[PDB]
Structures are given as structure tokens and as C-alpha cells.
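Please read the structure below before turning to the comments.
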Amino acid sequence: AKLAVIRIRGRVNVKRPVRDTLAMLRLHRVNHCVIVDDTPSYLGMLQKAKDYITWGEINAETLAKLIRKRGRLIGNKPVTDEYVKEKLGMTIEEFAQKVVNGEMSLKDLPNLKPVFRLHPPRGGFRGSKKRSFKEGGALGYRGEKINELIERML
Amino acid sequence: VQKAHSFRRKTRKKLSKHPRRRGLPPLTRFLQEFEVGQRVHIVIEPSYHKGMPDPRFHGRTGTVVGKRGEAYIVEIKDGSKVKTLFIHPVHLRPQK
RNA sequence: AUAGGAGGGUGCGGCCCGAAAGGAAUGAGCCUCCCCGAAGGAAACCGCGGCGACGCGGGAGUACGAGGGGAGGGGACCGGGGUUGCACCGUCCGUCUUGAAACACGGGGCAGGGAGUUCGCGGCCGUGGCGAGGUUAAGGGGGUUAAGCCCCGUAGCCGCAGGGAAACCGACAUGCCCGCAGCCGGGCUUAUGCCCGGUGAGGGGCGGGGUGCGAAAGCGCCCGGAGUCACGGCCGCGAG
RNA sequence: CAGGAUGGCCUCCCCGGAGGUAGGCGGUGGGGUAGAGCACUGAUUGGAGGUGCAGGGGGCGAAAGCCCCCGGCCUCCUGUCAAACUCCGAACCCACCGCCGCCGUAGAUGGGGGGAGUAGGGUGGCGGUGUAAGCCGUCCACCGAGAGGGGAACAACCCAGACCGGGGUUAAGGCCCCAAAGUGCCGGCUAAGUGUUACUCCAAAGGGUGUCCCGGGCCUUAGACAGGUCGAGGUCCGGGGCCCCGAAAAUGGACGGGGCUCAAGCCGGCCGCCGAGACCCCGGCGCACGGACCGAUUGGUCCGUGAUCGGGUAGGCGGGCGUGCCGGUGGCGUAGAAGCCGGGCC
RNA sequence: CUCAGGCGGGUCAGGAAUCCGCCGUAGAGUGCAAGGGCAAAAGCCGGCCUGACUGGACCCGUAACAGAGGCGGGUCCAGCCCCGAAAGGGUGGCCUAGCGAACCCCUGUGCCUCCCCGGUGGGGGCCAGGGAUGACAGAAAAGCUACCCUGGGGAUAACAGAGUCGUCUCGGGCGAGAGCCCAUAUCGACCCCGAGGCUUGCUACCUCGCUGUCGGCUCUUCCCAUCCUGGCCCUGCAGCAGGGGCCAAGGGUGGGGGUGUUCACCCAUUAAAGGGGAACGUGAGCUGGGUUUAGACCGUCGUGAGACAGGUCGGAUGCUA
RNA sequence: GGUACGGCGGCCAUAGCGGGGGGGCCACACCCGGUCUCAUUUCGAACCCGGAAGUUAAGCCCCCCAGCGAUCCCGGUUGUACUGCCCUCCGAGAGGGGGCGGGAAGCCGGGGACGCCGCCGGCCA
């Protein structure tokens with residue numbers, strides 16, 4: 001499946017291994033989101049950097065909304081229905097559905113960058129950024145509940 | 001008190017041998033052969049004192065770059081520089 | 001003359017000055033009206049869930065929103081400056097030090113003066129001339145108000161052949177293999193572009209050669225032509 | 001040994017062309033730490049059994065010797081150990097391979113050249129030492145060389161890494177007043193102003209029919225305990241939460257202060273709101289890289305990419321501002337030059 | 001060929017002399033510390049020998065990563081050899097310690113060379129071995145300063161502050177034991193848990209371009225772990241008195257001898273003649289007896305200059321707020 | 001192709017130690033004698049030379065065991081001891097704790113285990 005990963009903690013008091021892991025995950029700043037595969041390598045990277053990120057499974061509807069709102073092309077240009085139809089012949093909803101189902105990867109939209117720069121959540125995070133989501137914080141594996149966070153951050 | 005590094009410095013357990021492994025080893029390791037470009041581990045045999053590499057390198061994997069006499073030439077990467085060692089095959093092991 | 005912080009910072013309000021150099025009667029502060037609008041973003045009202053704080057769906061992505069435009073009214077101020085009031089913040093400057101507001105050192109005020117300079121040798125780089133050659137020193141001749149200007153001056157220095165303590169001997173103007181740029185042929189490709197094949201200056205790896213040690217093998221150094229002069233700059237050693 | 005040199009770490013330029021590896025997954029190998037254990041070495045309480053074994057006390061002697069306590073050695077049972085022990089043994093770390101991820105033809109890895117500064121470190125976790133403070137190493141996280149928002153102030157703790165003008169939302173944490181946001185909601189506890197302290201920067205052994213609970217044994221609702229008569233739960237034991245005693249200091253005074261008792265304290269949870277230069281959006285500046293144009297020497301204009309550019313001490317590199325004199329070029333001035341006081345504009 | 005140690009047997013012979021069997025994973029040995037390695041051996045016993053040699057190449061360690069003179073080690077080529085039937089082994093000791101630059105000198109061995117040329121005596125040069133610097137990456141090397149001077153350091157001691165509380169003062173837990181019986185009227189062994197910062201010590205955090213020492217006099221103030229004064233409780237409290245404890249810091253806590261003394265000792269009174277903090281309160285308030293310069297004497301030590309937390313005599317105290 | 005036959009080996013105890021039963025086509029042994037080859041720091045004990053009168057008693061070969069030793073699997077102790085990363089979580093302190101990721105040693109009980117492979121010959125066929 002496809003996993004959405006959001007960086008939570010900042011860039012200070014982070015040791016070199018985790019810093020490099022996050023850099024390779026392309027989460028250079030806070031409130032940044034990426035979509036990755038569910039392969040063992042990526043799972044190991046998430047396990048390594050689990051104390052500064054949260055992640056979960058993303059629905060087709062949430063992926064489509066994220067692409068339409070925060071999806072940006074090279075040059076920080078908006079992703080438009082005209083452009084998506086021209087370069088794929090399908091709507092953003094069908095593109096997201098196919099991506100989630102695994103028919104093809106986001107990389108098949110030309111000039112689309114892998115990073116979504118989300119907005120701070122409405123009402124803030126419902127837990128401290130120093131404890132895992134299971135305990136009641138905001139870090140660690142979140143499951144399907146990451147869709148609510150994605151909605152609150154667009 | 002600072003102590004300089006010697007050949008057998010702090011090797012009491014590294015160069016020790018199992019009580020049930022005493023005596024000379026089987027001859028297969030003695031008579032094994034390698035080819036240029038092969039990768040070989042370095043596992044020192046305490047009972048054979050000739051052609052022994054420095055225990056500093058015990059447990060590392062190197063590349064065979066030739067063979068002079070009965071000893072194989074193993075090229076290893078210490079830090080960033082390249083080091084050449086001459087090791088009897090009894091101390092070497094193939095990488096599967 | 002009831003008020004506390006290194007004497008300042010951000011924002012504005014009193015009082016005062018505002019001819020020129022700043023805007024402005026070809027119209028200032030100001031007042032009224034219309035349009036678009038990013039991130040963001042209500043409420044009235046109605047239905048439902050929770051013991052409760054409250055929340056969910058419609059209202060609605062509506063009202064509003066940085067900023068971007070248009071129209072009408074009025075008719076002389078806005079910008080700027082001095083001082084002071086209020087709200088919040090702010091424990092001076094240079095210095096050694098792990099650590100300076102420091103009960104660590106140097107600090108009454110103002111004006112002038114004040115601290116990587118010159119030569120010799122060596123290593124580099126930026127640029128320019130000539131180029132298997134480069135360059136003159138001392139000095140000489142012409143001309144001139146003059147020490148400027150013009151011409152000569154091969155002594156010398158470095159480079160052209162390296163090895164060796166010395167005696168002494170004394171080498172590729174290319175015999176092969178990879179190969180970047182570039183060029184040529186083909187395919188994909190709207191074009192830049194990508195892939196493949198050949199050739200490939202420069203660059204790299206072999207082969208062969210000179211010399212020292214060696215009985216020899218074999219090793220060290222060197223060999224298929226780029227150096228020299230000049231101006232400026234950085235550093236090294238010696239001179240204070 | 002308050003000083004130098006060679007390295008490590010920084011900066012600037014060049015060549016050389018197709019790979020590289022801080023993180024992850026699997027695999028091929030190495031290890032002897034934590035823990036554990038007695039199989040080696042060395043310790044360690046008692047009981048049983050067997051051994052004259054050159055112990056030692058005695059009985060027992062012309063000599064040859066035996067009869068018991070006690071010492072030693074061996075086996076078993078029982079109760080304990082090891083930084084300089086190991087029959088075993090992790091987490092974890094290291095080398096090499098294949099792949100994912102990231103960087104690289106806008107030139108990495110790597111190589112040559114020029115210039116440095118650095119030879120007192122501190123806090124924080126771990127290891128050896130020390131009564132402790134501390135001393136000495138190790139980890140590279142923060143200060144040194146670091147803004148802004150908080151913990152009352154604080155170097156190190158929390159959020160957070162910063163070009164300029166604006167709008168919004170969050171972070172640490174906070175919401176009775178100082179002070180922006182709740183005298184917010186549900187169940188329970190404390191009566192001590194205990195507390196109102198994340199850490200920097202908070203006193204114990206022992207004890208409490210003080211209270212709120214959870215387990216277990218005896219009796220066990222007119223049958224239990226207190227005084228064979230009453231007539232409903234009694235009598236014990238081990239535990240959990242809060243509080244109490246144990247608890248004495250010197251200028252007058254510290255939960256930051258006022259103050260607070262179904263809290264404005266504490267335990268288990270929840271619902272709103274407030275709050276940064278962080279994150280999002282709009283406009284502007286510069287820098288890095290690539291591209292197209294014009295200027296007769298280092299220069300100028302515009303376009304494209306930047307989530308993967310914008311703090312900074314020692315130090316390295318680039319551009320620019322200002323002063324005296326000289327060779328040129330173009331000029332100003334007694335209708336008022338230089339200089340000097342106040343003011344406007346870039 | 002197999003060791004140490006042990007069991008059973010045997011004339012002298014015994015615990016132990018030399019011998020015969022069985023068991024025996026090394027419990028022996030391996031030149032020397034320790035670790036590692038060694039059983040038809042690397043140990044014990046013998047035969048032969050001198051590879052503990054000559055001319056060279058490359059590589060690892062000292063010195064990881066990451067630079068190095070000198071040195072040690074490893075893998076090899078060639079020459080001449082040793083053992084062995086052969087393979088195979090030999091460049092010292094089974095591996096890790098036992099050692100050292102420049103200049104100069106000595107020895108070996110063959111060559112090159114010395115100013116116009118040649119011979120001779122002698123010298124110079126290349127290669128190899130050797131003589132040492134233990135402060136061991138290599139000076140040739142004794143002291144006092146109180147007559148001292150200079151540049152610095154709070155990178156570093158003494159007084160004072162700060163941290164700590166081993167030590168010191170004080171308190172608590174259990175209760176063996178002593179108390180005619182009775183652990184708790186009184187004392188409280190062995191052991192264990194704490195407070196203070198009033199003794200000493202430890203650390204080296206601030207202060208060395210100066211924060212002027214001990215004691216005494218003067219003066220102000222504060223704490224209670226209370227000596228007297230006020231009020232109480234237990235008692236092995238008859239009274240008069242004693243022992244222990246509690247509340248209580250308003251008041252008092254004095255005068256003298258020797259000694260610089262703080263302190264401690266002593267005297268006569270007294271209700272008692274308590275202990276402590278304030279830069280060990282108080283020198284821009286005082287005094288200067290001691291400490292601690294420059295002069296001098298004695299004892300001891302030193303060859304001497306001289307020194308002594310050993311004595312003794314003398315030895316400066318700045319001020320216009 | 002058969003063989004209670006040997007020689008050379010690989011892993012080097014799950015293969016060892018200690019026990020019980022069975023065998024001698026060939027073959028392996030014990031065994032007989034020391035002129036010669038060879039040797040005793042004496043010894044034909046070992047080593048060597050010459051053979052088959054006798055024996056399967058021993059070695060050797062085949063089958064069996066769980067007494068000692070070794071080691072493999074399953075269950076319990078047990079996700080116990082220990083440990084990597086984050087933490088404004090609890091403690092006066094020592095030290096503990098929450099989330100994610102690893103995970104023993106010894107002991108108890110039940111099975112396994114008295115070796116498995118390679119090459120070539122002898123005898124028979």
C-alpha cells in the first residue's frame with residue numbers, strides 16, 4: 001500500500017543518523033508530507049526515524065484532495081484539472097484511485113515534486129509532540145487515522 | 001599509563017581457541033585456493049604462526065589481488081586508505 | 001516636586017516648528033460608493049449526538065480577508081523634525097576567558113596624531129610578450145629644458161638529458177590497449193535531448209630505452225619538446 | 001607542558017570523466033560486553049561417606065607396633081561468589097556483497113595547488129577513580145560561535161535554527177488576578193496551606209483504629225466482638241493512594257507575588273480557547289547554478305530552477321564606499337571655491 | 001617415545017632412592033613475567049649440521065582512522081649450503097620485551113679521487129660491522145637569596161567566599177546488658193537512618209594592574225540546639241535538693257592572675273556567670289602584644305653561601321566624603 | 001550386480017567412553033622362527049625379515065543400549081534476566097516506568113542420538 005509520512009519535530013537536537021534518514025526521506029522541514037511505498041526498506045527507514053515523524057495509510061479521496069490543494073509542479077505551480085487531463089487523460093480522483101490501488105506511481109505526472117508542504121492543523125495537534133500517538137501524543141505509527149490529520153492540514 | 005600497540009596486545013580471547021578445537025585444523029583450509037578478484041574473510045588460526053596478519057584486521061573482508069609464494073595478497077580498506085596484506089590461506093575463508 | 005532603571009528599541013497620542021531643497025490646487029489629510037481577491041475564515045436560524053464542557057450536518061467556503069483596481073464630494077495639508085506621555089520589551093562599551101552587568105582588566109569630555117612598511121632569496125597563482133628558445137646586467141650611441149623618449153649591448157642566467165659520491169657512461173620526434181571532450185554514420189525524438197558503433201587531441205595503462213647498485217634477476221631516478229621574461233597579488237626565511 | 005612541528009577539522013582555484021554511500025531490507029563472516037553459570041583458575045557455610053596420609057593430641061610400647069579425638073586429601077548433599085574465571089551468551093557494532101532510498105555529467109567519489117585558524121574547552125548521558133565535590137576518558141546532542149517563544153530571572157533544559165514589508169495557523173507550554181486565553185466539564189482523594197516545582201534547584205530509617213480502597217484465614221446476620229444474656233457483621237493478616245509524626249539558624253521574605261480548600265491542590269480522562277521570526281500565502285532583495293542578449297579589460301540587462309539557498313567567533317574568498325598626489329579627459333568659480341552650523345532627497 | 005599426579009605389588013628401601021602393572025585431555029614441560037599455541041608435538045631422548053649466511057624486491061606495526069627519521073616483523077627471487085628416502089623445512093629462540101640519530105672514530109673489503117702531468121708516503125669518497133646518549137626521537141652541567149629585581153598568572157597555593165560533610169556539633173531506630181524483681185527513673189554495648197554548616201579536611205569555582213592579618217577595645221544586630229529568670233511533665237520525686245524531658249529568645253549572662261593569646265586552667269562573688277552567625281561583624285573607628293621583610297644572638301643542620309610550621313631583643317598603620 | 005573384505009579420505013564426539021550377542025569365501029588379525037635386511041641406551045618388548053601348525057579369545061566386521069559425556073528439536077520457567085531509540089512519565093536518592101524494536105543463560109519434563117557421506121580395488125558373479 002501507500003503510506004503518508006508527515007514530519008513533526010524540528011531541525012534542532014537531532015542526531016546525524018536520524019537527520020540523514022529524514023533528508024533522504026525528503027522531510028527537510030516541519031509540516032512536510034510525502035507519499036512512499038510499504039516496502040520493508042521504507043518501513044525500516046520509518047522505524048529508524050519514528051521519533052520525529054508520524055505516518056499512516058492514505059485513502060484515495062484524501063490523496064486526491066491533497067494532490068488538488070497542496071500538489072505543486074516544478075516552479076510551485078498549482079496542479080490543475082486541465083493539466084492533469086492533458087498529461088494523463090483522467091481526472092485527479094481517478095489518478096489518486098489508481099495510485100492507491102498500485103496501477104501506477106505519482107512519478108507518472110510530469111513535473112510533479114514529491115513533497116507536499118502542508119498547513120498547520122486546525123485546532124493544533126491533539127497531543128504533545130513528545131509522546132507516541134498510541135500513548136496520546138502525535139508521533140509514531142498512526143494507522144488509518146492519519147486521514148483526519150491530513151484533512152485538518154488540507 | 002599509555003601502552004603502545006604490539007602484535008599480541010589485548011588478544012587474550014581474540015586469539016584463543018575452543019577447548020574442543022585443540023590441535024591442528026583439517027587440511028582443507030590449508031590447501032584451499034582463491035582467484036583474483038575473489039572476496040575472502042580474515043579468520044586467524046592461532047596454531048599457525050606463519051603468514052599471520054595483524055590481529056587488528058581479524059574479522060574483516062578483503063579482495064584477493066594476487067599470490068606470491070604460498071601467501072595470497074589481500075587488499076583491504078582501512079578508513080579511507082588501501083592496505084596490502086600477505087596471508088596464508090589457512091587464515092582465510094571464502095565469502096559465499 | 002507620588003516616582004525605579006545602562007539613559008535605548010517597537011507602536012502611536014499630547015504640545016511646538018514646518019519658505020527652500022520632499023509630495024501637493026494638473027488637487028493633501030479626509031468622507032462616500034462600486035469590482036476582483038491568496039493563505040485563512042465566522043454567526044443568526046433549523047435537525048441530531050453527549051451526563052456535561054460541547055460537537056456533527058445544512059447555512060458556507062457565505063459575511064470578512066493582505067493587497068489590486070474604478071467613481072464621486074471637500075478644498076490644504078501629508079511626509080519629515082524637537083520634546084514629552086503611555087503599553088511592552090531592554091542589566092553599557094573593548095578585552096583575556098569554558099563562562100562578563102560582574103565585587104575581573106581598560107573606560108571625565110572634545111579636537112588633531114597613531115600601529116602588516118622596504119630589500120634580498122624561495123613556493124604559488126591573475127594576466128601579457130616571445131617560444132626550442134627566452135631575457136638582458138654593467139655600459140655605449142642618437143635626441144632632449146630634463147633623469148623622460150629611440151637604438152644597440154650575448155657577458156651572464158635559466159631551458160634544451162638524465163643517472164652517479166666520483167671516475168664515467170649516456171635515452172621513444174609513438175610499438176600497443178582503454179578512453180573524456182570533439183567529429184562521423186544510424187535509431188528514438190516537434191527542437192534542445194537520449195542510446196548505440198567508429199575515430200579519438202588532451203588524460204590513463206602497457207611495452208621498450210638511459211644510468212646507479214647488482215653474478216643476474218630486479219629495483220630507485222629519468223626518457224615520445226615547453227620553457228623563459230615581465231606587471232600585480234598571497235604566503236615562507238633574514239633583517240628593528 | 002602559557003611555546004612550536006607533522007597530521008585531523010575550514011576556505012579559494014584548477015584538472016578528470018561515471019560513479020559514490022550518512023539511512024534501510026536481506027545475506028556471508030568477526031566478536032566475548034550485559035545477563036547467567038561452576039565445566040577451567042581462585043574463593044565460600046554446614047552434614048554424610050572413604051582414605052594413614054611423612055599432620056598433631058593422647059592411650060600404647062623393647063620397639064615391632066596398634067586403640068580413639070583432631071589436621072589434611074577425595075566424592076556427594078546443602079548455602080553463597082569473581083575487573084584481572086568461563087561449559088554458555090544477547091542487545092549491539094564492524095567488514096563485504098545484492099537491492100531500495102539519496103546524491104552525481106549544472107561534474108559527485110577522487111587528485112594536484114594557495115591561504116589559514118585550532119594544541120586551556122563547558123554542559124548533558126555512559127565508563128574507571130573518589131565519602132562527596134571533583135579528577136580523567138568516552139558519546140557529538142546544545143553553549144563556545146546562536147537569534148526568537150517559555151521555565152520568575154538562568155550557557156547548557158523545552159519549542160525553535162534567523163534576508164526585508166505584510167496576512168493567517170500552530171509549537172513549548174498556558175487559561176483566578178498580576179497576564180492573552182475557563183473561577184471549563186465528569187468520577188475520586190487531601191484538611192496537611194501538604195501542595196500550588198518536568199530538570200537545572202524538593203531530607204531519610206522507623207511509626208500512624210488519620211483517611212479512601214483491594215486481596216486472604218476464622219467466626220460467619222437472634223450463632224460473631226465489647227459489657228451467658230443480649231442481637232448484626234465482627235476478629236485478624238499482607239498489600240495500594242493521599243496525608244501525618246520523625247523535621248532546629250542566624251538582616252525581614254518567598255509557591256515568581258496576591259492568594260487558593262467539592263481548589264486556583266492531587267490521581268484517571270475529556271471539551272474549548274490563547275500563544276513564536278516555527279509552518280502556510282502575497283509583494284520585494286540578494287546568492288548558487290544553467291540560458292539569451294549589449295558593452296573594445298574584472299562589467300551590464302532579462303529569463304529559468306531553489307522543500308533539498310539566506311545565523312555566525314577564529315579564518316578563507318568577491319564587490320563596493322571614502323581620503324592626498326600624478327598622467328589624460330570633461331568642467332565649475334568674486335553673479336561667490338574650499339571650509340563650517342542647521343535641514344530636504346537618494 | 002609420551003608428561004604431572006594417583007592406585008595395587010615388590011630385599012635392604014622408610015613419606016621420598018631403583019623397579020613391574022592400571023588409570024591418566026595435559027591437571028607436566030616448553031630458559032626467564034603474563035597471555036596465547038603446542039600429544040604419533042612446538043614436550044623428553046638421540047643422529048647429522050651452522051639458513052644466527054650473501055645480493056635484492058615488496059608489504060604490515062611502532063604511529064588505527066591520518067603525516068615519520070630510527071627500529072621490529074611478514075611474503076618472496078637469486079647464490080652457496082644443512083637435514084631427509086621423499087614431500088617438505090631452514091634469513092635464530094613457538095608469537096608477543098631484552099634497546100638508540102647527526103658529526104667523529106675503529107675494523108673489513110673492493111673500487112673512485114687529491115688543483116699542469118707522472119711515481120712514492122699520506123689523506124678524501126662509496127658499501128658493510130662496531131663504540132651512546134635510561135631525561136631512552138639523543139645539551140657536556142651544583143647551590144643560597146629573609147638585600148633581591150623584571151614580565152605575567154586567580155591556567156596555581158596561604159587568609160576570606162563557594163561546593164562537599166570524610167571529620168566535627170546535634171538528633172533518631174532496635175534493645176543485649178546494668179539497674180535487689182523491672183530494657184526504657186537513669187545509662188544504652190554491637191549495628192543502622194539523619195540534621196547543621198558553629199572544628200578540621202578535601203576540590204580549585206570568583207578575586208593575584210593588590211578585597212590590608214590574629215588578639216584586644218568601641219558599637220549595633222540576629223538564631224536556639226535554653227545557663228539563669230517565667231510555666232510544666234516523668235522519677236529509683238518524703239522535705240530541702242537532684243536526674244531526664246517539654247513550652248518559652250522579653251530581660252540578664254559580670255570582676256580578676258599568669259599567657260599575645262581565641263581557648264583552656266585558677267580565684268572571690270553570683271540567679272546564672274550558655275554556645276553561636278553578621279567578609280572567622282567591626283583597622284577610609286582605634287591599639288599593635290603575636291604572625292610576616294630589611295639589623296642581631298643562641299641550639300641544630302650544611303664544606304660553604306645559608307636554613308629551621310626552634311627560641312629571643314628591635315622594627316612605619318596614609319584620607320579635604 | 002552381491003559381500004558380518006580391505007586401501008585412501010571428507011565433516012571431526014548427534015561420530016566419544018562404557019556394555020551385550022554373532023563371524024571368519026576372500027580379506028584383516030593374533031600366532032610361529034630370527035640365517036639374511038633392520039634394532040634394543042638390556043630385551044625380536046617395539047621396528048624389521050622369513051610363513052602358515054593353530055585360534056576366532058582379542059583387534060577388526062555386523063546388530064542392539066541411553067549408564068557417563070556431547071549435542072538437535074518441542075513445552076514451562078518466559079517474552080523472565082538483559083538491551084537499542086524517544087520521553088515535560090514516576091522517585092529524596094539508588095534506581096524505575098510508557099511507546100516502538102530485539103531477546104537470553106541455567107533448570108524441569110518429553111523425544112533424538114551407540115555416526116553420515118566420496119573414490120577405488122579384493123572375493124563371488
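How things are named: the first chain in the C-alpha cells is A, the next is B, and so on; residues count from 1 in each chain; ligands count from 1 in the order shown.
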Next on the checklist: Using only C-alpha atoms (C1' of nucleotides), which protein or nucleic acid residues come within 10 Å of residue 122 (chain F)? Drop anything in the same chain fewer than 4 positions from it, and give the result as a list in words.
Outcome noted: residues 5, 6, 26 and 27 of chain F
* Just need the residues of chain C within 12 Å of chain A, counting only C-alpha atoms (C1' of nucleotides), so spit them out as a list in words. => residues 39, 40 and 41 of chain C
Give the residues of chain B that lie within 10 Å of chain E; count only C-alpha atoms (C1' of nucleotides), and format the answer as JSON, numbers by chain. {"B": [4, 5, 6, 7, 8, 9, 10, 11, 12, 13, 14, 15, 16, 17, 19, 20, 22, 23, 24, 45, 46, 47, 48, 49, 50, 51, 52, 53, 54, 56, 57, 67, 68, 69, 70, 71, 72, 73, 78, 79, 80, 81, 83, 84, 85, 86, 87, 88]}
Q: Output as a ChimeraX atom specification the set of chain B residues within 6 Å of chain D, with distances taken over only C-alpha atoms (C1' of nucleotides).
A: /B:59-61,95-96
Next item on the list: Can you pull out every residue within 12 Å of residue 288 (chain E), counting only C-alpha atoms (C1' of nucleotides), but drop anything in the same chain fewer than 6 positions away, and send it as a count of residues only?
Entry: 8
Fill in: Non-local contacts of residue 229 (chain E) (9 Å; only C-alpha atoms (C1' of nucleotides); under 5 positions in same chain excluded) as a count of residues only
4
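Pairwise distance (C1' of residue 46 (chain F), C1' of residue 7 (chain E)) equals 26.8 Å.
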Applying 12 Å and only C-alpha atoms (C1' of nucleotides), which residues near residue 18 (chain F) remain after dropping the ones on its own chain fewer than 3 positions away? List them as number ranges by chain. F: 65-69, 114
* Check: which chain A residues lie within 8 Å of chain F using only C-alpha atoms (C1' of nucleotides), as a PyMOL selection string -> chain A and resi 47-48+50-51+130-132+134-135+140
Output C-alpha atoms for every residue in the selection just made, as a JSON list (two decimals), in the first residue's frame.
[["chain", "number", "residue", "atom", "x", "y", "z"],
["A", 47, "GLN", "CA", 11.29, 2.72, 12.21],
["A", 48, "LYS", "CA", 14.67, 4.46, 12.35],
["A", 50, "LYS", "CA", 9.96, 7.14, 14.18],
["A", 51, "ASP", "CA", 10.62, 9.74, 16.91],
["A", 130, "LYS", "CA", 6.96, 14.30, 22.79],
["A", 131, "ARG", "CA", 4.86, 11.11, 23.04],
["A", 132, "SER", "CA", 3.75, 8.49, 20.54],
["A", 134, "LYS", "CA", -0.59, 5.33, 20.84],
["A", 135, "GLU", "CA", 0.03, 6.88, 24.26],
["A", 140, "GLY", "CA", 4.76, 7.12, 15.63]]
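If you measure from each of D:248, D:136, D:141, D:2 to chain A using only C-alpha atoms (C1' of nucleotides), the closest one turns out to be D:141.
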Residue list (strand (DSSP E), DSSP) for region 50-152 of chain A, as a list in words = residues 53, 54, 55, 56, 57, 72, 73, 77, 78, 116, 117, 140, 141, 142 and 143 of chain A
Based on the selection just made, write N, CA, C and O atoms of those residues as a compact mmCIF listing (two decimals), in the first residue's frame.
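Produced file again00.txt, reproduced below:
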# COMPACT_ATOMS: atom_id res chain seq x y z
N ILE A 53 8.48 11.80 13.28
CA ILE A 53 7.51 11.75 12.20
C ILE A 53 6.27 11.01 12.69
O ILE A 53 6.29 10.33 13.72
N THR A 54 5.19 11.15 11.93
CA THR A 54 4.01 10.31 12.06
C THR A 54 3.65 9.82 10.67
O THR A 54 4.02 10.45 9.67
N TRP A 55 2.97 8.69 10.59
CA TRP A 55 2.66 8.14 9.27
C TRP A 55 1.46 7.21 9.37
O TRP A 55 1.06 6.78 10.45
N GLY A 56 0.90 6.91 8.21
CA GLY A 56 -0.25 6.02 8.16
C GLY A 56 -0.62 5.69 6.73
O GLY A 56 0.13 5.96 5.80
N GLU A 57 -1.81 5.11 6.57
CA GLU A 57 -2.35 4.77 5.26
C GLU A 57 -3.30 5.86 4.80
O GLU A 57 -4.09 6.38 5.59
N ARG A 72 2.05 20.53 -6.05
CA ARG A 72 2.71 21.61 -6.77
C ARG A 72 3.60 21.04 -7.86
O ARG A 72 4.21 19.98 -7.69
N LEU A 73 3.67 21.75 -8.98
CA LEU A 73 4.55 21.38 -10.08
C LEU A 73 5.90 22.07 -9.93
O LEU A 73 6.12 22.85 -9.00
N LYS A 77 3.86 25.65 -9.11
CA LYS A 77 2.63 25.94 -9.83
C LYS A 77 1.52 25.00 -9.39
O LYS A 77 1.78 23.84 -9.06
N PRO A 78 0.27 25.45 -9.37
CA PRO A 78 -0.82 24.57 -8.92
C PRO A 78 -1.08 23.44 -9.91
O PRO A 78 -0.82 23.56 -11.11
N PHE A 116 4.78 17.62 -0.29
CA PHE A 116 3.63 18.48 -0.08
C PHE A 116 3.89 19.28 1.20
O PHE A 116 4.15 18.70 2.25
N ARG A 117 3.82 20.60 1.10
CA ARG A 117 4.11 21.48 2.23
C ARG A 117 2.79 21.83 2.89
O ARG A 117 2.11 22.79 2.51
N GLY A 140 4.87 8.55 15.85
CA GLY A 140 4.76 7.12 15.63
C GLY A 140 3.68 6.75 14.63
O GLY A 140 3.01 7.59 14.03
N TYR A 141 3.53 5.44 14.45
CA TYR A 141 2.53 4.92 13.53
C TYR A 141 1.14 5.34 13.99
O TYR A 141 0.79 5.23 15.17
N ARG A 142 0.33 5.82 13.04
CA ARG A 142 -0.99 6.35 13.34
C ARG A 142 -2.13 5.53 12.74
O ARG A 142 -3.27 5.68 13.18
N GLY A 143 -1.84 4.68 11.76
CA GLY A 143 -2.90 3.91 11.13
C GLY A 143 -3.70 4.73 10.14
O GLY A 143 -3.22 5.71 9.56
| task | DSSP on the backbone, then: every residue of chain A marked helix (DSSP H, G or I), written as a count of residues only. | result | 58
